[PDB]
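First chain written, first letter: the chains are A, B, C, D and E, and each begins at residue 1.
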């Protein structure tokens, strides 16, 4: 039962399992780091044990399937969106032809977490807060793809390995700078993170949709959000900062350093930058970021076609 | 790539069958999302990678979101139709079921007897679809932009509150 | 709208009357469950006539309850605009004046403290100044 | 020790509940502003202030919203017994209607008294017996009958002889 | 039919299966363990999202083959983007995208 093809198959399977486990544990450690900065592994073990052994109480007047289904979406959507990220040569889960399209599919499915949580939580204020949160994330998902499309236009493909190999000389943060800032804004807004933290806080008619979620469902929401930051940072690295490419260090060391830097940058962005109003946020999205992405794609295409002799 | 097609097609058929015979709107939309995921799996099994990507991105990820938005906004809590449940009464559904079954047998009889060497499953990339889209189908792109513009104007004129 | 502002509306007697017993009565679990039941469908059985409000549901006015201390205020909103509001108080009533009749002039001083608890000696000052007026005391300069 | 109504993992669960406690602080009165999560997620309720009769139902409702296991700390003389407010509008103690695990005297207590409450509750959870799952084992809780803190600290307290005279800062 | 391709397909399948199973098993363990005791602007925003997402998919298809489409494809996409931006400016100016009027 020994064959090198099978050895390659189980080796790639082990690589994918290791990537998955590192992503979940790294999101949990991000939860610890945000809780501490604003042993520790033993504290997270204690917290996880408490979520295990606390009773899980679904409300009597709530739909059980939707209520249970929303935390699975909030976890699995971006945790499966990580699967296209190449962390090292020979260390990618899937070398998809669609790639960044698969990230867009996972974000489009990810909006159902907030929608389903707000509907199943039988409360009018929670429902209105969920409508506000879903309107916000749709208002920023409307330009997430085009801010990505500048980079896709430069690389000429949707494959992440091809994007990284196209960043071999110059990293994409220099030409696709406006794509970079719009992608950072939209990736923060998709994960419902600061300054897009609580759209329900602008009105006493609205409450959080994480309310009435207790135990492992609340833990799933928390760890899914932190995993979302992890994969948004990793996609930002692979799309705009050369991925694993660096001068002297091993490639995974460079990728991990850039991902950790962007994770801590999102931490200080939460800690420092204040919260705008709801109408200000939606107006900023629809009126600034989408035209900026469209003009960025047009200018990128003109530059590409000009420099083709 | 054949197993994936057959299981995804069976899942899609079962999902829409549970869509049309369900009473809760959010449950029906959930089964509709499951059907769209299965149909995108069918697309990926055939090599239409761009089609499956757009099926999850747009159909299961934008239009179904609009449906869920409308459902949670109108707040359907059993407005005299859930408590009535007329579509599961045999005298209501038996007629259209036989009519649709007759149409299905006629269409399926037309499908069979056609020459068929099989779908190869070779991937048709988003590259080639983009080349065709902005090559021989330029006017389709511009007039589809005008079509979506018309839908935007109509839906704004009707659906705003005032 | 002449209704009760310290005690709940289902309260019997007027506590600052001299024949009202000052000290706390026996605790009843059944009255606690009754008051919890009254809190359960307070919003469902909300009549905006028992608060002095008007035009209750134009089909655009929304009635809400809200939550320096915790207190409720019922809000009438046209969209996001406040049309009327009635702050519901008395959730922090401690019977301080009735206690003033149950303590000596000396032993009432801690109760003066606990009114306006961010103030302390500021709240002591008017009470001891008034008692010194009653006693005919002129305090020295120190 | 006495209790009132395969072993290592029970201690691990008790430890996980011990060093991971999420409080829900109830405002009520002056004890809160001295001592300064949804009730579904919180597992410790800290009641710090007077139990007015108009908002004893609020306290009981937000206690019933919490989930098992749930512990209660009562801060201050008001929450302990009614304190100095034995008057018509005040419930004489939190423990008249919800069970209390730790009592903290003071009017108000210090913040370090709250921290000592947290320690006392921490060993209180640390040597208690709670069921592992809803289908396996005895479905009963067993709180430990701890030695009283005034019985334990009696010798050192009685041994005190001299204190600083009150004419200094 | 390369062994790298089938190995990556198996790795992707195991990734998805183990991830969904990890989430489901974690919720199963959370459930089993432990003892017991509106405005129309939301529609408008979602509808604008759907319309602009379909026009986004058009630009998605354009972006991956810009070099193969040449300058004529650039001109066509420029007309598309100008029409899209005119519709966006129209929605902004008529107050459709103004959340607080």
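The rule is simple: contacts are C-beta pairs under 8 Å (C-beta built on N, C-alpha and C of every residue); 3 or more make two chains touch, one makes a residue touch a chain.
Asks: Strictly by the touch rule at the top, which chains does chain B share as contacts with chain D?
Replies: Touching chain B and chain D alike, sorted by label: A, E.
Asks: Which one of the chains is closest to the middle, using the mean of its C-alpha atoms?
Replies: A
Asks: More contacting C-beta pairs: D-E or A-B?
Replies: A-B
Asks: Could you find the chain whose CA centre sits the greatest distance from that of chain C?
Replies: In terms of C-alpha centroids, the chain at the greatest distance from chain C is B.
Asks: Please compute the C-alpha centroid of chain B, do the same for chain E, then give the distance between them in whole Å.
Replies: The mean C-alpha positions of chain B and chain E differ by 17 Å.
Asks: From the C-alpha centre of chain B to that of chain C, how far is it in Å?
Replies: 60
Asks: Measuring from the mean C-alpha position of chain A to the mean C-alpha position of chain D, what distance in angstrom results?
Replies: The answer is 41 Å.
Asks: Measuring centre to centre with CA averages, how many angstrom lie between chain A and chain E?
Replies: 13
Asks: Residues of chain A touching 2+ other chains?
Replies: 53-55, 101, 127, 131, 134, 138, 145, 157-158, 215, in rising order.
Asks: Could you list the positions in chain E whose residues touch two or more of the other chains?
Replies: As it turns out, chain E has residues touching two or more other chains at 33-38, 41-42, 46, 48-49, 53, 60, 63-65, 77, 84.
Asks: Which positions in chain B are in touch with at least two other chains?
Replies: 50, 57-58, 62, 65, 69, 72-73, 125-127
Asks: Write out all the pairs of touching chains, ordered by chain label.
Replies: Once each pair is checked, the touching ones are A-B, A-C, A-D, A-E, B-E, C-D, D-E.
Asks: Please output the residues of chain D touching chain E within their complex, sorted ascending.
Replies: Touch residues, chain D against chain E: 67-68, 130-134, 139, 141.
Asks: Name, in rising order, each residue of chain A that touches chain E in their complex.
Replies: Residues 5, 8-9, 11-13, 15-17, 19-20, 24, 51-56, 68, 71-72, 75-76, 79-80, 83, 92-95, 101, 127-128, 131, 134-135, 138-139, 141-142, 145-146, 149-150, 152-153, 156-158, 215-217, 219-220, 278-279, 282-283, 286-287, 290-291, 294, 297-298, 301-302, 304-305, 308.
Asks: What does chain C use to touch chain D in their complex?
Replies: 6-8, 15, 20-25, 27, 29, 32, 35-36, 38-39, 69-70, 90-95, 98-99, 110-111, 114, 117-118
Asks: Where on chain B does chain E make contact in their complex?
Replies: Interface residues on the chain B side: 50, 54, 57-58, 62-63, 65-66, 69-70, 72-73, 75, 125-131, 133-135, 138, 141-142, 144-146, 148-149, 151-152, 155-156, 159-161.
Asks: Under the stated contact criterion, what part of chain E meets chain D in this complex?
Replies: Those residues of chain E that touch chain D are 32-37.
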